[PDB]
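Engineer:
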Amino acid sequence: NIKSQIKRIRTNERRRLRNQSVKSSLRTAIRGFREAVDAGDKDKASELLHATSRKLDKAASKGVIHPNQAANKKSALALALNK
Amino acid sequence: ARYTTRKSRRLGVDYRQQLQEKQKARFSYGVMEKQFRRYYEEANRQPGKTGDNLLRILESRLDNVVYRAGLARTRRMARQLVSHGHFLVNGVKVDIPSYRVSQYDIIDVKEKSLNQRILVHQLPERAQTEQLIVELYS
Amino acid sequence: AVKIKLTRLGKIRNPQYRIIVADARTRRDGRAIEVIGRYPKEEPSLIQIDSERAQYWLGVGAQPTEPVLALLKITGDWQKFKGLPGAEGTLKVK
Amino acid sequence: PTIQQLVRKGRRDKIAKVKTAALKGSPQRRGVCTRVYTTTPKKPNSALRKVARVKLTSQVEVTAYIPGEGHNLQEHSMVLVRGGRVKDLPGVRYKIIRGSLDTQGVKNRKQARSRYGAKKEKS
RNA sequence: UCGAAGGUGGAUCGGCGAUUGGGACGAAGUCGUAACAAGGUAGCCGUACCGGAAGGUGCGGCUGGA
RNA sequence: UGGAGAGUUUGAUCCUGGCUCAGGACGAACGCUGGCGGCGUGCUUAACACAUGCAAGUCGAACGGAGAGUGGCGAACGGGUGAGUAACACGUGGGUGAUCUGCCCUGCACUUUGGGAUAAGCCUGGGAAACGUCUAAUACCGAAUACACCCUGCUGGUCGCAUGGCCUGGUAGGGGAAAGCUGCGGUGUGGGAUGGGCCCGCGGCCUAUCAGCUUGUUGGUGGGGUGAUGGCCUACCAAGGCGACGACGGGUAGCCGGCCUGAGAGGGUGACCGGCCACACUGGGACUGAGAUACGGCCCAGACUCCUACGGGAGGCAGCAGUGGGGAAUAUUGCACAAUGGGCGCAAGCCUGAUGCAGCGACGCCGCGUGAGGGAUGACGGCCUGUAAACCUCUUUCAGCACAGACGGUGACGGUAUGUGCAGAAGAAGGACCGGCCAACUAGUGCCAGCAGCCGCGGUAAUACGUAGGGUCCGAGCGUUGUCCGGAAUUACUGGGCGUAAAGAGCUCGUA
Ligand SMILES: [Mg+2]
Ligand SMILES: [Mg+2]
Ligand SMILES: [Mg+2]
Ligand SMILES: [Mg+2]
Ligand SMILES: [Mg+2]
Ligand SMILES: [Mg+2]
Ligand SMILES: [Mg+2]
Ligand SMILES: [Mg+2]
Ligand SMILES: [Mg+2]
Ligand SMILES: [Mg+2]
Ligand SMILES: [Mg+2]
Ligand SMILES: [Mg+2]
Ligand SMILES: [Mg+2]
Ligand SMILES: [Mg+2]
Ligand SMILES: [Mg+2]
Ligand SMILES: [Mg+2]
Ligand SMILES: [Mg+2]
Ligand SMILES: [Mg+2]
Ligand SMILES: [Mg+2]
Ligand SMILES: [Mg+2]
């Protein structure tokens, strides 16, 4: 080692735990959407789209998920909601 | 490498016959066989007769010019003069016998050197034997 | 991003540069995008540049390196691009 | 052949015989001395020829011919090995360089000196 | 859940091996004299059996047979 | 715009047909032998193991503070090596309506508003060594605003190569950001430029003593997933895919621009220099990020080696030097960031074993030196040489010491190249071969000692062996081994053959 690698190891512990937290929060949001749809619950699931699609594009604004990924999630949720 | 009467004595003119005309042509101008090989391979690249270009290249040598100029007797005498740098070419010290002068080249002598400055109008044609030395190689 | 460099094509103790547009990442004698010009062992340094291509690459936003920025300022393609009144007229040969 | 018969199966190159296999594409090769002996040659030639078996570093054992006149070479001495045939002896295709490593140069030799590794005597 | 490495019946490829089989080259030391002339029984091909060894003899073939 | 031949089967001849010579080269190595310059070049074998120093840091115009520490960028570039890979890896062609791009510049619009922590600092334990309570930010976070932008619904026109694209199309629903301190920045979104990623057309080694291979296998539909299209992945139906035009196997291999040869077509090779690929002790991962095979990062598993006060740890030169091995063989533990390239900073600067140079080795290709005139009855000397020397003047390149001295606030090269001066020949020539081919001839040893590229020389008079003279051929080099092309029309497409020379299946039938 010897280098400024010792500093950049300390960052990659810090900056993982930020991005791990946001990626996991999106999964539980998207997961709870699908259980609302599979119940046949329209008024609850219609609310959960605007909850999740808010939360997806905020994670793109962080620079975590990248906007093309964030867009293709929102597309999948809306086409699921319409049926 | 400089060679440094008999070598001429064997040839006269002081595959059997082919090598002998090359031998006088070489030891006249004081050339080493590797340098003589190079002037042949340049001569055949040039247009015209390939043999006639060879004698043009050997006559173009700056020390040969001194011999013709007669500034120094005995072509081997001029080797001692030229490398010592007595001569000058276009206001530059040529300390090199292998210098090949072109057209409009001005050969002057250096100041002092006390023991007459003739100019080159063109590279002289053969009129001013080659076919042995051409048929020697290749 | 894109950058105007010099590239050392000469033999030992006798460099000749050619003024190359390339990436910042590439090795010194690497692949150019375009060779613009050429350029130090003379009483008068020899400098030649395409004025048309220099204006194109600077207009895109190719950042000159520090010693190239001298040569552009001399020949006066930098002042055409920048549009400041120092103008052009330099060099000669002899 | 017909030209279609060449298209189906092409023209194979004729397989080249490598000349000196023990050297492994090297000009010289070292080795011990595991025998030193004499043989009678083949042919109308007659004489005693000094020969030696050399296990090379390449781990191949082959005869060698010691050029010159007389040799030190006892058992378990280290020896270079050249290449190039001696056509009187059947099989023998290598030679021992003289004057290199252990093999000392030929004594009193004043002509063809480089081949036999004899240093020039006092100018 | 997938998952490296590590655990414990064949396939392919090689090293050494008691011992044994033919091959090349060398000196020519014995045993013969099979082929080249009708080579002293015309030779050779294919099988078959036999014999120290070259070879011998059946059946069919061939001319590269006097 | 160039295309030679020669020897050798026989008493002799002609043909077929090998084998061997002349030629050119090299990342070469050995001998014998070396005087200096210029210029490139230098572990081809063990991707074998590595002791020491250095090869990536930088900013106080972000921040507490009083070098270290948080933070931003860089660290994916530069440099190394050829293990792996017969593959979309590579080389040339296209495609991307199937997509990404930090920094850079150059349009447009904004930089609103609030809070919570945590290293440093102190006090603890742990040990030979090395890794419990407080305070800031351009660190990190709830919101607001954005109509460019992302998602979904209903609909306008055009373009065409089918999915579909484009006109920021028009609508109406729901949502997207930011940072400040002494001139540089910061978020969002049009455009341009760079770099990539992913598909396909064809091209490029050996093998049938490898003939069957495949089950996520070939396709479809609905989902998941990626920057993006795709059995890329997954769950259900269909039963297909590839192969004699060599599939699936085994062997070898970095590929190419080029480079060696040849008149060409070909054959060999992939050094330096310049692209693309793969790999970083061996394997399997992912994280951070605009970008990762992440050399000098992380985690785990193995193999190997160090420090130890035995409690615990740490490390990987296929960076540059270097060391030991292995080899017939390959370099200094150099100097400097002056120049060109790169990173960070507003800048001054600070790093750079990239790079520019120096040393070493005739390893290669060039260029100069070792003397120039005159000199005879041809001294002496050696042997059956030589106008050479002897001796009379002369020039001083390189070497030697002197003085001046660079071109590229300051240059490593370098008091170097280079110029002008002081004398004096003083400091400077080897190495093969001479039987014929193929240039050069005469005087101990006995088929022994030995020589030899093929003929073949030695059995008492040797142009062939060993030595001495004398000659050639080349000369700071000359010979010999190893390797590839040529000669070889000797794998023949250009350009060959098969009654007897090697060569017609024993004959017919018939699939591709
Ligand atoms: Mg999707
Ligand atoms: Mg055995
Ligand atoms: Mg008989
Ligand atoms: Mg008979
Ligand atoms: Mg008969
Ligand atoms: Mg019987
Ligand atoms: Mg019969
Ligand atoms: Mg004969
Ligand atoms: Mg394979
Ligand atoms: Mg960034
Ligand atoms: Mg390999
Ligand atoms: Mg030919
Ligand atoms: Mg690994
Ligand atoms: Mg990421
Ligand atoms: Mg390293
Ligand atoms: Mg790194
Ligand atoms: Mg090294
Ligand atoms: Mg041929
Ligand atoms: Mg023939
Ligand atoms: Mg027939």
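Residue numbers (the authors' numbering), protein chains in the order written: chain T, 3 to 85; chain D, 2 to 5, 9 to 18, 46 to 146, 173 to 185, 191 to 200; chain P, 2 to 40, 42 to 96; chain L, 2 to 124.
Yeah, the Cβ is synthetic: ideal placement off N, Cα and C, and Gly gets one too.
For the beta strand (DSSP E) that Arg50(L) lies in, which residues bound it at each end?
Structural biologist: Note, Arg50(L): beta strand (DSSP E), 50 to 56.
Engineer: Below 8 angstroms CB to CB, which residues in the same chain sit around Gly82(D) once its five sequence neighbours on both sides are set aside?
Structural biologist: Here the set comprises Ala74, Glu192, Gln193, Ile195, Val196.
Engineer: Does the separation of the CB atoms of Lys4(P) and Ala64(P) fall below 8 angstroms?
Structural biologist: Yes, they are a contact pair.
Engineer: Kindly indicate which residue of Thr8(P), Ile37(P), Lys94(P), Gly38(P) has the alpha-carbon position closest to the one of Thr27(P).
Structural biologist: It is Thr8(P) whose Cα lies nearest to the Cα of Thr27(P).
Engineer: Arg92(D): buried (16+ other C-beta within 10 angstroms of its C-beta) or exposed?
Structural biologist: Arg92(D) comes out buried.
Engineer: With the cut-off set at 8 angstroms, would you say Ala38(T) and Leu28(T) are in Cβ contact?
Structural biologist: It is not a contact, given that the beta carbons lie outside the stated cut-off.
Engineer: How about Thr58(L) and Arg83(L): are their beta carbons less than 8 angstroms apart?
Structural biologist: For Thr58(L) and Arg83(L), no; Cβs fall outside 8 angstroms.
Engineer: Are the CB atoms of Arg94(L) and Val107(L) within a distance shorter than 8 angstroms?
Structural biologist: Not in contact: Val107(L) and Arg94(L) (Cβ atoms no closer than 8 angstroms).
Engineer: I'd like the span of the alpha helix (DSSP H) that includes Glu182(D), first residue to last.
Structural biologist: Neither: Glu182(D) is in no alpha helix (DSSP H) and is coded neither H nor E.
Engineer: Assuming contact is defined by CB atoms lying nearer than 8 angstroms, are residue 132(L) and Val33(L) in contact in what I supplied?
Structural biologist: With chain L covering 2 to 124 only, the question about residue 132(L) has no answer from this structure.
Engineer: Give the secondary structure of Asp18(D) by DSSP, where H, G and I count as helix, E and B as strand, and everything else as coil.
Structural biologist: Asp18(D): coil per DSSP, three-state reduction.
Engineer: Taking C-beta to C-beta, are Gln111(D) and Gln134(D) nearer than 8 angstroms?
Structural biologist: Contact: no.
Engineer: In the DSSP assignment, what are the bridge partners of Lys4(P)?
Structural biologist: Its beta-bridge partners are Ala23(P), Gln65(P).
Engineer: Cα separation between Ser200(D) and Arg131(D)?
Structural biologist: Using only the alpha carbons, I get a separation of about 25 angstroms.
Engineer: Going residue by residue through the segment 25 to 111 of chain L, where are the continuous alpha helix (DSSP H) segments of at least 4 residues, counting only ones entirely within it?
Structural biologist: Taking only runs of at least 4 residues, no alpha helix (DSSP H) segment lies wholly in the segment 25 to 111 of chain L.
Engineer: Any idea if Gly61(D) is buried or exposed, counting beta-carbon neighbours within 10 angstroms, 16 or more meaning buried?
Structural biologist: Under this definition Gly61(D) is a buried residue.
Engineer: For the structure I just gave you, are there three or more beta carbon pairs, one from the segment 51 to 64 of chain P and one from the segment 73 to 80 of chain P, closer than 8 angstroms?
Structural biologist: Result yes; three or more Cβ-Cβ pairs closer than 8 angstroms.
Engineer: When burial is assigned at 16 or more other CB atoms within 10 Å of the CB, is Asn84(D) buried or exposed?
Structural biologist: So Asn84(D) ends up on the buried side.
Engineer: If I measure Cβ to Cβ from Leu58(T) and keep anything under 7 angstroms in the same chain, skipping five residues before and after, which residues do I get?
Structural biologist: Closer than 7 angstroms at the Cβ level, and outside the excluded window around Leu58(T), lie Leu28, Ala72, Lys75, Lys76.
Engineer: In whole angstroms, what separates the C-alpha of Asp18(D) from that of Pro181(D)?
Structural biologist: For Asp18(D) and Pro181(D), the distance between alpha carbons rounds to 24 angstroms.
Engineer: Give the range of the alpha helix (DSSP H) segment to which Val39(T) is assigned.
Structural biologist: Start and end: 7 to 40.
Engineer: Going by beta-carbon coordinates alone, are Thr39(L) and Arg54(L) separated by less than 8 angstroms?
Structural biologist: Cβ distance not < 8 angstroms, so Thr39(L) and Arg54(L) don't count as in contact.
Engineer: For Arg69(D), which option in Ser59(D), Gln51(D), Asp139(D), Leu89(D) has the closest C-alpha, if you only look at C-alpha atoms?
Structural biologist: The shortest C-alpha separation from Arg69(D) is found at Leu89(D).
Engineer: Mind checking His52(T): buried by the 16 CB within 10 Å criterion, or exposed?
Structural biologist: Counting Cβ neighbours within 10 Å, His52(T) comes out exposed, since fewer than 16 surround it.
Engineer: Going by DSSP, which residues form a beta bridge with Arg39(P)?
Structural biologist: According to DSSP, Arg39(P) bridges with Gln50(P).
Engineer: Across which residues does DSSP place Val140(D) in a beta bridge pair?
Structural biologist: Bridge partners of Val140(D): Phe118(D).
Engineer: Do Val113(D) and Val97(D) have their C-beta atoms within less than 8 angstroms of each other?
Structural biologist: Taking 8 angstroms as the Cβ cut-off, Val113(D) and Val97(D) qualify as a contacting pair.
Engineer: Can you give me the Cβ contacts of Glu64(D) inside the same chain, cut-off strictly under 8 angstroms, excluding the 5 residues immediately before and after it?
Structural biologist: Excluding sequence neighbours, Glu64(D) sits near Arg57.
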